[PDB]
Amino acid sequence: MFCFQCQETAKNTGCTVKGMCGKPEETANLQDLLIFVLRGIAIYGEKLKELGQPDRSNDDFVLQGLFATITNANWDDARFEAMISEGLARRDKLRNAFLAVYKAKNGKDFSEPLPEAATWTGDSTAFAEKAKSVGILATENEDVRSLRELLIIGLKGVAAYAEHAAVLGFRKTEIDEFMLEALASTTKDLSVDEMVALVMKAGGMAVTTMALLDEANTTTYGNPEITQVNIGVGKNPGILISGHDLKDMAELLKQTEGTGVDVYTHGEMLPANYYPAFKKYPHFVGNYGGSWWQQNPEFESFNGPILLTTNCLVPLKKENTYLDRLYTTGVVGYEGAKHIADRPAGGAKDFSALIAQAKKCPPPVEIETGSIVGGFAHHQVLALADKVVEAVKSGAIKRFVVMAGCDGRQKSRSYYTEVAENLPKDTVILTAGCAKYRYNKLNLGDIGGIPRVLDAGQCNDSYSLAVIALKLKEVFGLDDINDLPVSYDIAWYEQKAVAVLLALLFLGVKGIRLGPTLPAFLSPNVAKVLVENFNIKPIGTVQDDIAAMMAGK
Ligand code: SF4
Ligand SMILES: [Xe]
Ligand SMILES: [Xe]
Ligand SMILES: [Xe]
Ligand SMILES: [Xe]
Ligand SMILES: [Xe]
Ligand SMILES: [Xe]
Ligand SMILES: [Xe]
Ligand SMILES: [Xe]
Ligand SMILES: [Xe]
Ligand SMILES: [Xe]
Ligand SMILES: [Xe]
Ligand SMILES: [Xe]
Ligand SMILES: [Xe]
């Protein structure tokens, strides 16, 4: 196999036998084959749009297909085989539509050679063998490989955010068109300038998509607000919801109301605690445990059903006993875990089985007590603009440190905790995404009532951090967003973090420190381009990085 899309890739070069995440060769190769089929759909979909007869019938299939190949999202080979079969059928329908339109417009049959992604076909018996030759290493030129894979990785992060917006009824034609432009481009031989322009275009589409998801979430469930979240437990059995989808949370809360089953969040569902629509349910207890990578022991000790709405689902350890109470939904899948089917249009998902099972379970084991404060998304922060600006002017807040991003297992991530603990006491950390779990349970206090850690939400709520920065730029009358007293020391793990990074690069942010390591999918020449144009840097020691950031460098 060959996969190198997440921060934990083997040796920082690529996983070749079994993923470090646990992804076996057969699963990795099937994900490559699904992406190959998506490029085929994109070739014809792009041509139909160019001929003036766009077909948007595969929009959701394409977003879900890309999302299913995100790190820790779907482990069920049967799901991938089904998606590949369905994608071949969808591709063929687009091909037949294209051939007729091309002939009508040109007065002759189409006869230009097409990449194999547009024509290869087979039943499911042929998939395992074909998958081995349509992987990442089929691109021989290292620079072309790096630019194509950077684009696809960024694109799958954008697709995830767009799928959440779509679930809530929010969509933009430009996003779905770009999905096919970007996928089809990886089957073409383009110049370096063209390839880099597509990557920057993906960063601009990441801004569009994060803005759309921000609108979707806040219009539907209200603007997040300051909230004190309990991290201890109640006395009833509960259901633990993890991942990012807030519509699944809305339905779970409604279906569990009055049943004697409590609702708890985990990981990236922590920010559901900040929304006014969900704060009205007294049975919504709080947030359980920490970061996604500690879920084996935490899902175990939770004792009740666990619902994964999105990635990060980690394979069970041999001694784990919660497979019979593990539920997947959305693009998530796992062999032997019960899956909650998609909601009918205008209807809801059916969580009754989780509720019936939870009534047979003991209450969660308390793993800690106290609380976490959060809910500092853009509306809430801009509502406190005068207080924030005055603190910056008085010198009470000397600098902001954006430490948003994604957490991971490697020991080198103690750097983020130590940076948080060692930053001067007149600095405020801004965060979003599960990178927050390295420092959101510390006792850093506040600065005149402003918490020293301000959690804006999920990794998509890095959007709010950009809105805040842009507001500060205008208030302070600065010509360049980089001249604000803000430093960026971002942690990454999977592909949604890559989309966030590309969005910040599109917004003109320079000097970002990215880590705990730099991506394996950046070749030496591509990495040099990023350093030349954007001054992206690796992490150094805690002391060196704090000193540099306090100097604005
Ligand atoms: S998702 Fe990450 S750890 Fe898993 S196979 Fe790919 S690069 Fe390796
Ligand atoms: Xe790039
Ligand atoms: Xe604030
Ligand atoms: Xe802020
Ligand atoms: Xe602000
Ligand atoms: Xe990020
Ligand atoms: Xe960010
Ligand atoms: Xe962003
Ligand atoms: Xe920004
Ligand atoms: Xe900011
Ligand atoms: Xe990244
Ligand atoms: Xe990047
Ligand atoms: Xe390059
Ligand atoms: Xe880089």
Side-chain angles (χ1 to χ4, degrees), residues 1-29 31-32 69-75 135-136 146 149-150 153 156 206-207 210 293 311-315 400-406 408-410 429-433 435-436 454-470 481 486-505 507 509-515 517-539:
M1 57 174 279
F2 188 84
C3 183
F4 63 180
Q5 59 168 8
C6 86
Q7 186 277 322
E8 292 186 3
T9 196
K11 302 299 182 200
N12 207 15
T13 58
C15 296
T16 60
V17 175
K18 183 170 182 193
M20 295 299 300
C21 59
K23 186 168 57 168
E25 164 137 311
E26 295 69 23
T27 308
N29 298 350
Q31 293 184 4
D32 293 327
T69 75
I70 284 186
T71 303
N72 297 326
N74 191 321
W75 304 89
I136 294 165
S146 168
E149 304 298 330
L150 177 54
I153 284 162
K156 77 174 82 173
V207 174
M210 303 171 68
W293 64 271
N311 60 307
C312 284
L313 171 47
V314 173
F400 293 97
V401 183
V402 172
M403 300 180 71
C406 301
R409 306 172 172 99
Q410 292 176 0
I429 291 161
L430 303 181
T431 188
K436 68 183 62 173
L454 298 179
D455 180 8
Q458 303 177 307
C459 53
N460 30 291
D461 295 306
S462 289
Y463 184 70
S464 282
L465 303 184
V467 172
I468 289 163
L470 289 164
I481 192 165
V486 177
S487 290
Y488 295 82
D489 195 350
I490 289 170
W492 76 286
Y493 173 59
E494 49 93 0
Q495 304 79 46
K496 277 175 257 160
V498 182
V500 173
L501 177 68
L502 297 175
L504 294 168
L505 300 179
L507 298 171
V509 179
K510 306 295 198 273
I512 294 169
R513 275 176 175 84
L514 177 69
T517 59
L518 298 171
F521 47 87
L522 305 179
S523 66
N525 289 340
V526 170
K528 176 157 194 291
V529 170
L530 290 172
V531 170
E532 304 163 2
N533 301 6
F534 304 106
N535 199 203
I536 292 175
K537 298 166 180 179
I539 56 175

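These numbers come from the heavy atoms of this one structure, side chains and all, not from hydrogens, waters or symmetry mates. Just follow the structure's listing: the first ligand is 1, and inside any ligand the first atom is 1. All residue numbers in this chain count up from 1 along the given sequence.
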So CD of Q495 and SG of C406: to nearest 0.5 Å the spacing works out to 9.5 Å
Do any side-chain atoms of residues 523-532 form donor-acceptor pairs under 3.5 angstrom with protein atoms, and if so which ones, sequence neighbours left out?
{"residue": "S523", "atom": "OG", "partner": "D143", "partner atom": "OD1", "Å": "2.7"}
{"residue": "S523", "atom": "OG", "partner": "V526", "partner atom": "N", "Å": "3.3"}
{"residue": "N525", "atom": "ND2", "partner": "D143", "partner atom": "OD2", "Å": "2.8"}
{"residue": "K528", "atom": "NZ", "partner": "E532", "partner atom": "OE2", "Å": "2.5"}

Taking every heavy atom of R409 against every heavy atom of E8, the minimum-distance pair comes out as N-OE2, 2.8 Å
dist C6:SG -> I153:CD1 (nearest 0.5 Å) comes out at 9.5 Å
Per-atom filter on ligand 1: closer than 4.0 angstrom to a heavy atom of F4 are 7 (S)
Can you check whether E149 reaches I136 side chain to side chain, under 4.5 Å on heavy atoms?
yes
Review point. Do we see a donor-acceptor contact under 3.5 Å between the side chains of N72 and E494?
Key: no
Listed as residue and atom, the protein N/O/S atoms under 2.8 Å from atom 4 (Fe) of ligand 1 are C21 SG
